Each structure stands twice: as C-alpha cells, then as structure tokens.
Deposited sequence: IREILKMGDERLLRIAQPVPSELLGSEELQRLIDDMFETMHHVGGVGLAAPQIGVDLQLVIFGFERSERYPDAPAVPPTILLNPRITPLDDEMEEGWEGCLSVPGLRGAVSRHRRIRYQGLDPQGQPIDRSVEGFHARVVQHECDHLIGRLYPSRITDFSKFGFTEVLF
C-alpha cells in the first residue's frame, strides 16, 4: 500500500515523465503496478495515476466490476473523436470530501502501451472516456477542480 497525495502537494502539479523502454516488461514495473492496484482497491477508487502515490511516471490504472475493464496504461495519448461534451460528477482520491460536475469529451480514442510494451488503441464513450480523461489529467498536473466551469455544482459530498 502507498499513501495517496492530497491536493496542495507540489508533486500532483508536475508534468510526468514517460515510462522508459528499459522498464517495459520488468519486474520493477510490475511491482509498482501491484502496489497501485492494492492502493486503489483499499480506498475504493476506480482509477489511480502514478503521481498520486508520488511516482513521477506516465502510468495509470483503472477499472471496475457502467463496467470498465481493468487496464494499465502507459505513455498515453488521447484524441477527442468529435466536439460533443458531457457533464458528469467526479471526485478524486486526492481531493477527499468533495464532488464536482465536470464537462469532458463524450468520445475519445486512447492509445499507449501496456506493461509489456504492447500497443493499446481503443475508442470509448461516456463513463469509460471520462475515467481515462480524469486519469490522464493527473499526468499533466491537472486536478478536476481546475477543469470545473459550473461552480454551482462543486461542493462537499456530505452536503451534496
């Protein structure tokens, strides 16, 4: 288990470095991955990005049993597939006790590498696209409050 960094920590604000090709397939990467899934499962998350546990790497995990397959995504690139935007509720492990409505692209393509270095290339919609976009934002130092445009919908979970 690792400790989840909280909003205000400068490490959530950095642009993350790519996973080097040296680490693809490695034991060391695999152990980081196991540690991430163990952390995410312990606190109930649907996703987790490496910088949230203080590892400066373009690596994300996500999934849950709107079903999203368990997935480990390295070095990602996201491409919006059209202009359609949708609002949905988000919260974040790094921003405990809050929720906010955020407008994200409805449809994206995402690509990157799996942990063995095999390419990933998928086009998704709705909740799956929302999760990817949230997680990838961590890799460019963006948390969801910096994406809100309707502040009438941002507030404490226990109030909302």
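J.: Relative to the deposited sequence, which regions have no modelled C-alpha positions in the structure?
T.: Missing C-alpha atoms (numbering from 1) occur across the ranges 66-73, 169.
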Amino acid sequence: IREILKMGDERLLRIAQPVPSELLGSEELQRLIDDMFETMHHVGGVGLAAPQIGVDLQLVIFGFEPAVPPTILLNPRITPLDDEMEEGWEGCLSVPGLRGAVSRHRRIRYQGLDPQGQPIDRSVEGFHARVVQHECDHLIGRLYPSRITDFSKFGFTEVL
From here on, numbers count along this sequence of modelled residues.
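J.: Compare the mean C-alpha B-factor of 34-42 with that of 89-97 as given in the PDB entry, and name the stretch with the higher value.
T.: Here the higher of the two C-alpha B-factor means belongs to 34-42.
J.: Averaging C-alpha B-factors over each stretch, which comes out higher, 138-146 or 21-29?
T.: Looking at the recorded C-alpha B-factors, 21-29 comes out higher on average.
J.: Comparing recorded Cα B-factors across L113, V132, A67, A49, which one is largest?
T.: That would be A67.
J.: Select lowest, middle or highest to describe the third in which the CA B-factor of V159 falls within its chain in this entry.
T.: For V159, the deposited C-alpha B-factor lands in the highest third.
J.: Grab the CA temperature factor for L5 from the record and place it in the lowest, middle or highest third of its chain.
T.: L5: CA B-factor falls in the middle third of its chain.
J.: Going by the CA temperature factor in the PDB record, which third of the chain does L74 belong to: lowest, middle or highest?
T.: It belongs to the lowest third of the chain when residues are ordered by C-alpha B-factor.
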